[PDB]
Amino acid sequence: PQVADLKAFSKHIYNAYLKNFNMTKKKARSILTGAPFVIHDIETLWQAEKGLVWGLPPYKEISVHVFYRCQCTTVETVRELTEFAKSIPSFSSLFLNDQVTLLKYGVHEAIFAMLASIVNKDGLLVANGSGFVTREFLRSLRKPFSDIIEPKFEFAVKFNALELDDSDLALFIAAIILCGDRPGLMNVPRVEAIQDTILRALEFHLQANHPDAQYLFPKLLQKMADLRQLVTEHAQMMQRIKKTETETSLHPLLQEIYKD
Ligand SMILES: CCCCCCCN(CCc1ccc(O[C@@](C)(CC)C(=O)O)cc1)C(=O)Nc1ccc(F)cc1F
Ligand SMILES: CCCCCCCO[C@@H]1O[C@H](CO)C(O)C(O)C1O
């Protein structure tokens, strides 16, 4: 009945996910278990840069160059998240303006959620798996660039402890985007209703895919809550970069998200 009709709904979201995201956690963990060129310093960064692994703003500095790469990566993940969102029927039913409102306020949360998929205790994949940047190298970046990405690792390791597969993620992400709590959201009841359908689908999907997993569901709800905080602290550091990092330019689409 309920538990039957939702299976469908869940598989459909999983297909949108497989169809749209550049990198699946399956593909990610694989590469991270088994190779990618390791970037742990300037030498290897310049190396990776040239041809080793790899249209950015004019060079300016090491730490900033990385910041720019982060931007390029984020912009690309925002494009996927958008396509993924549109691949969910109920999401497209919404007026174009509300769709943009959900993406505007939910993508970073989604992005940091998925970041966990390509991240292990020591670093993270880059360039479609082609390379691996060390966590220690990021930490060495001149501040404030060295602070921004570190909290994400902390988040990611705990998150990865839940051992979620791509099918769980598709639903988890969907839940994040379809959140009726977003500012200026127009058809709040509609969004809320879709979110609920997603959460119920998620739970049923979890007791199936993770039989013996104790408190998985409510734990995921807390993670959503955490991502909300993670993004908030991220936005704060971002305002500090816009204030003090006068020379560092910001991608237009990213400024639109961070303006209000
Ligand atoms: C050696 C090259 C190093 C490359 C490092 C790239 C690290 N980085 C960006 C994290 C980040 C950093 C800053 C960030 O801040 C900005 C301002 C900039 C994008 C934003 O909030 O939009 C947002 C997000 C990622 O790998 N991101 C990433 C990739 C796939 C995915 F599914 C989810 C992800 F978060
Ligand atoms: C590509 C989908 C994700 C887009 C995220 C960025 C959206 O920015 C917002 O665009 C709205 C509609 O145009 C406004 O009117 C704003 O004021 C604004 O900041």
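Everything that follows concerns the structure shown earlier in this document.
Residues numbered from 1 in each chain as written, not as in the entry; some residues may be left out. Chains lettered and ligands numbered in written order. Heavy atoms only, no water. Residues with missing side-chain atoms left out of burial classes, pairs and counts.

(A) Region of the structure containing the state of the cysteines. A complete count under the given rule lists zero disulfides for this structure. Of all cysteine sulfurs, the one in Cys 70 lies closest to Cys 72, which takes part in no disulfide; the gap is 9.4 Å. (Disulfide = S-S within 2.5 Å.)

(B) Examining the site of ligand 1 more closely. Around ligand 1, a shell composed of 20 residues is seen, among which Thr 74, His 108, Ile 111, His 234 and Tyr 258 lie nearest. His 108 is positioned with one of its side-chain polar atoms (N or O) 2.8 Å from an oxygen atom of ligand 1. Here an oxygen atom of ligand 1 and a side-chain polar atom of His 234 are 2.7 Å apart. Look at ligand 1: alone it shows 760 Å² of surface, and the protein chains cover 94% of it. Contributing elements (two or more residues each) for the shell around ligand 1: α4 (62-86), α6 (96-115), α12 (216-244) and α13 (252-259). Looking at the shell around ligand 1 element by element, the count peaks at six residues for α4. Residue composition of the shell around ligand 1, by class: 14 nonpolar, six polar and no charged. (Near = heavy atom within 4 Å. Polar contact = N/O pair within 3.5 Å; in protein donor to acceptor, adjacent residues only side chain to side chain. Areas by Shrake-Rupley, 256 points an atom, 1.4 Å probe, with all protein chains shown as cover. Helix = DSSP H or I, 4+ residues; strand = E, 2+ residues; numbered from the N terminus. Nonpolar A, V, L, I, M, F, W, Y, C, P; charged D, E, K, R; others polar.)

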